[PDB]
Number of protein chains: 6
Amino acid sequence: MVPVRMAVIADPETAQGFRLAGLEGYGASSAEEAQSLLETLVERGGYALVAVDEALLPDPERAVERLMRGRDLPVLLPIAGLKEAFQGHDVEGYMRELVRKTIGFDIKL
Amino acid sequence: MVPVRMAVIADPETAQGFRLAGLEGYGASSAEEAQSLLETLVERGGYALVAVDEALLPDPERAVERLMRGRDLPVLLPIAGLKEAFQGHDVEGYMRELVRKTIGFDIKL
Amino acid sequence: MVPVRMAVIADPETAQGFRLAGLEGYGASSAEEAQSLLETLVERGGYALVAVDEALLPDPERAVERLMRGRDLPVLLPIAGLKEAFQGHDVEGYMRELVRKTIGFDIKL
Amino acid sequence: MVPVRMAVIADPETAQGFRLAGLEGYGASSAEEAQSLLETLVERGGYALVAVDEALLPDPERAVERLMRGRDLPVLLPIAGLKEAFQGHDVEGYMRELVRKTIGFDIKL
Amino acid sequence: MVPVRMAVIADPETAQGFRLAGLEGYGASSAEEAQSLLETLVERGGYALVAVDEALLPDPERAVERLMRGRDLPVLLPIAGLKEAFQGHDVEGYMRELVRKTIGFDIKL
Amino acid sequence: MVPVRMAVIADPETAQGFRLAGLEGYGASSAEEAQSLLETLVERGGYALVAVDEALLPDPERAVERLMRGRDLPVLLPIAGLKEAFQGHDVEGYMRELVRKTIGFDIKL
Ligand SMILES: [Ca+2]
Ligand SMILES: [Ca+2]
Ligand SMILES: [Ca+2]
Ligand SMILES: [Ca+2]
């Protein structure tokens, strides 16, 4: 059974009070500015709950939408006939070309 | 100049061929296996690119939408009086009741 | 005693409840996402039991078998007369050639 | 692009010879010691190819089938109404008891 | 003072049940498979006792006998006059030629 | 194709000279210091080869026999009726009693 871990986002004064009382408080002074803090926490995904002063989280739904979309992803390339990289003998080569011809990259392998 | 790391998702025999060639090949026998491989690769972190047999990724956009999304989220909680939680002299107790009052679920702090 | 580690896979809001309560819940919205979850999980060897919402696991037998079949395997090459590789002065090259005769894939040793 | 690694499973003396020659040889004196080495190599994870002295491999289809079944089972327990672990505030109690009804087993959480 | 580490080897269903109870159960279905399991545990090192279903250990003296003949060893080469290697300036080359003079093998150092 | 690892066990100053020339020298001043070092190298696991000064190796077949046939074993306990440990209600303690029962030793589990 696991530690439940909770973050609190409030105004910087208030967050310092939270800190001094033994809780995990984070200062934010505007909303957008809170939202970025949230991605960072759902990032470092210790937390079961983030309590946010409501003036700093007026649209809970929209904030959710945005964190999810800050995930840096690799490029994904679908390919027809991967099998045919074994037809010859520079497989690495064949993929370097394959990719280069698809996305225009001399992807730096 | 950072290293470009590429992974390859193909049918299991094809994935074996890539690995024998010194490429990072991973085998999957279906769409949903491919997607779970994507999450593992994302979770791990250093891939600029995943190349996927397109019978296993017919829809890079859908797949991307699940990587950004998949996330289990924290209960995100906008709270109307965090500042009042310094009025008493047990902040930890006040906050525990504030969650319980609110979302019904008692939280384990 | 050694702990017993359990995971619970459920509807996304019930999963958050499990987290708040100190258990190790995971949200999933369909049967797919749920086996995609399983996959991701079952390679993280720690869990002894997995409790899954009946709705997201209409067949606990077949879900097993999918997961068994998901393991990436080295190519297994039985060889007669492995020892012959020491008749000459080139075991690496002997082996690379043996692999190629046998499996067609020219391994990069 | 990565190190291409092969292991060789042979009789102890032969395995010593391969290790002298720069290859990763493991010695086995029975089929089961080889099957155990296969599983260990696989669970370690870095091998594209495993060569095995045929005299050590009674049935290579079977040996794969065992590696596929060798992921080593987290008991799986489909459950009707997980939601209602929030009727009363002992989510854990409920779980250990439910599990005990279902699986006929106590569990140590 | 430090708790005695014990493993249990039993048929897979039972082995699963010992795990749910917090104990270290490992599943096997034959005398040979089980001896393999003894050897992996023995090599792996931390156990003071292994309790084995007798159906899986019908000959436990022969079992000991074997555990202690599965250890992979280096080739052990006694040499006269190892010093004399310091008289002519290519110690590594001297040693290469030595080993080859004694066992036939050109070693890759 | 991997680097071949060799060690050299010789008198302390000869071993220092092996190190100054880039080889893996280990000093021993007695037969029993030499046998310790072999055990330590065997136990690390890499070495294709261990060259030992003959003066430190009174009996090489004894040396090998001690390597195989000497490391400290797990007591090995065949048991009748392990299944019967669940059909109590306290497996952990039913097991404490059953091993004491047998060997005589209230072992520290
Ligand atoms: Ca981003
Ligand atoms: Ca989820
Ligand atoms: Ca796979
Ligand atoms: Ca061995």
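Residue indices run from 1 on each chain, following the sequence as it is written; they may not match the entry's numbering, and residues absent from the coordinates are omitted. Naming scheme: in the order in which they are written, chains are lettered from A and ligands are numbered from 1. Excluding hydrogens and water, the side-chain values take into account all heavy atoms of the structure.

In terms of determination method and resolution, the entry is listed under X-ray crystallography at 2.2 Å.

Caption draft 1: Representation of the overall build of chain A in the model. Per the secondary structure count, chain A includes four helices and four strands. Seen in sequence order, chain A has helices and strands lined up from the N terminus as β-α-β-α-β-α-β-α. Taken over the C-alpha trace, chain A has a radius of gyration of 23 Å; the compact-globule value for 109 residues is 13 Å, which it surpasses by more than 25%. With the principal axes as the frame, chain A shows a C-alpha extent of 65 × 35 × 25 Å. Each residue is placed in one exposure class: buried if its accessible area under a 1.4 Å probe, protein chains only, is under 20% of its type's maximum, exposed if it is over 50%, and partly exposed if it falls in between. The 109 residues of chain A split such that 39% are buried. The contact rule is simple, with two residues in contact once any of their heavy atoms fall within 4.5 Å. For chain A, the share of sequence-separated contacts (at least 6 apart) that also reach a separation of at least 24 residues comes to 44%. Here the open area of atoms and residues is found with the Shrake-Rupley method and a 1.4 Å probe, where only the protein chains shown may cover a residue. Total accessible area computed for chain A in this model is approximately 6000 Å², and 48% of it derives from carbon and sulfur atoms. Charged side chains of chain A number 12 positive and 18 negative; the gap between the two group centres comes to 9 Å. The way it works is that DSSP assigns letters per residue, a run of H or I at least four long becomes a helix, a run of E at least two long becomes a strand, and they are numbered from the N terminus. When we talk radius of gyration, it's over C-alpha atoms, and the globule rule is simply 2.2 Å times the number of residues to the 0.38. In this tally, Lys and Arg are treated as positive and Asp and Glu as negative; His is ignored, and so are the chain termini. We put the charge of a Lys on NZ, of an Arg on CZ, of an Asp on CG and of a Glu on CD.

Caption draft 2: Representation of helix 2 (residues 31–44) of chain E within the structure. Between the first and last residue of a helix there are one fewer steps than residues, each counted as 1.5 Å, and that sum is the expected span. An ideal rise of 1.5 Å per residue puts 20 Å on 14 residues; helix 2 of chain E measures up with 20 Å between its terminal C-alpha atoms. Within helix 2 of chain E, the full set of buried residues consists of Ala-34, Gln-35, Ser-36, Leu-37, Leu-38, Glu-39, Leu-41 and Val-42 of chain E. Residues of helix 2 of chain E that are buried sit in contact with helix 2 (31–44) of chain D, strand 1 (6–10), strand 2 (25–27), strand 3 (49–53) and helix 3 (60–67) of chain E together with strand 4 (75–79) of chain F. Looking one or two places after helix 2 of chain E, you find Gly-45 of chain E, whose phi comes out positive at around 120 degrees.

Caption draft 3: Structural detail: the arrangement of the chains. Chain B makes no contact with chain E; the smallest distance between any of their C-alpha atoms is 22 Å. One finds no contact linking chain A with chain F; the least C-alpha distance across the pair is 19 Å.

Caption draft 4: Broad picture of the relation of the copies chain A and chain B. Only the C-alpha atoms enter the least-squares fit used to superpose the copies. In the superposition of chain A on chain B (RMSD 1.0 Å, axial shift 0.4 Å), the rotation amounts to 180 degrees. Those values place the two copies in the arrangement expected of a two-fold rotation axis. For chain A, the minimum C-alpha distance to the rotation axis belongs to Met-68 of chain A and amounts to 2.8 Å. Interface overlap between copies: 98% of the residues of chain A at the interface are likewise at the interface in chain B, consistent with a symmetric, same-surface contact.

Caption draft 5: Representation of the domain arrangement of chain A within the structure. In terms of domain boundaries, chain A breaks down into domain 1 (5–71) and domain 2 (72–104). Relative to domain 2 of chain A, the C-alpha centre of domain 1 of chain A lies at a distance of 42 Å. Segmentation into domains, and thus their bounds, comes from an automatic or database assignment.

Caption draft 6: Main features of the sheet that holds strand 4 (residues 75–79) of chain B. Within the open sheet, the four strands sit side by side as 2(A)-1(A)-3(A)-4(B). Their pairing is parallel. Two strands in the sheet have a free side with no partner beyond their single neighbour: strand 2 (24–27) of chain A together with strand 4 of chain B. Recorded for the sheet is a direction-independent mean angle of 20 degrees between the axes of neighbouring strands. At least two DSSP bridges between two strands are required for those strands to pair. Across four bridges, strand 1 (residues 6–10) of chain A lies against strand 3 (residues 49–53) of chain A in parallel orientation. In this analysis, axes come from line fits to C-alpha atoms, helices being fitted only over the stretch in contact, and the angle between any two N-to-C directions falls in the range 0 to 180 degrees.

Caption draft 7: Representation of the coordination of the calcium ion (ligand 1). All names here are of chain A. Coordination sphere of the calcium ion (ligand 1), protein contribution only: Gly-70 (O) and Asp-72 (OD), at 2.3 to 2.5 Å. On the basis of relative accessible area, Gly-70 is assigned to the partly exposed category, the value being 26%. We classify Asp-72 as exposed; its relative accessible area is 69%. Here the term donor refers to an N, O or S atom within 2.8 Å of the metal (or 3.2 Å for Na, K and Ca), and because water is left out of the atoms, sites may appear incomplete.

Caption draft 8: Quick look at the relation of the copies chain E and chain F. It takes a turn of 180 degrees to lay chain E on chain F, together with a shift of 0.5 Å along the axis; the resulting RMSD is 1.2 Å. When the interface residues of chain E are mapped onto chain F, 96% of them again fall at the interface, so both copies present the same face.

Caption draft 9: Local environment of the packing of helix 2 of chain D against helix 3 (residues 60–68) of chain D. Residues and elements named next belong to chain D. Packing of helix 2 against helix 3 brings their axes to within 10 Å, and their N-to-C directions diverge by 45 degrees. By the angle class used here, helix 2 and helix 3 are oblique. Every pair of crossing elements has a handedness; the one defined by helix 2 and helix 3 is right-handed. Judged by residue contacts, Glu-32, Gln-35, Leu-38, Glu-39 and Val-42 of helix 2 engage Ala-63, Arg-66 and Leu-67 from helix 3. Residue polarity follows a fixed list, in which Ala, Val, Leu, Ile, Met, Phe, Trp, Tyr, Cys and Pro are nonpolar, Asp, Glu, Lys and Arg are charged, and the others, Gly among them, are polar. Partitioned by chemical class, the residues of the contact of helix 2 with helix 3 number four nonpolar, one polar and three charged. Any angle that is under 35 degrees is reported as roughly parallel, and any over 145 degrees as roughly antiparallel; angles of 65 to 115 degrees are reported as roughly perpendicular and all others as oblique. By definition, turning the near helix anticlockwise from the far helix through less than a right angle yields a left-handed crossing, and turning it clockwise yields a right-handed one.

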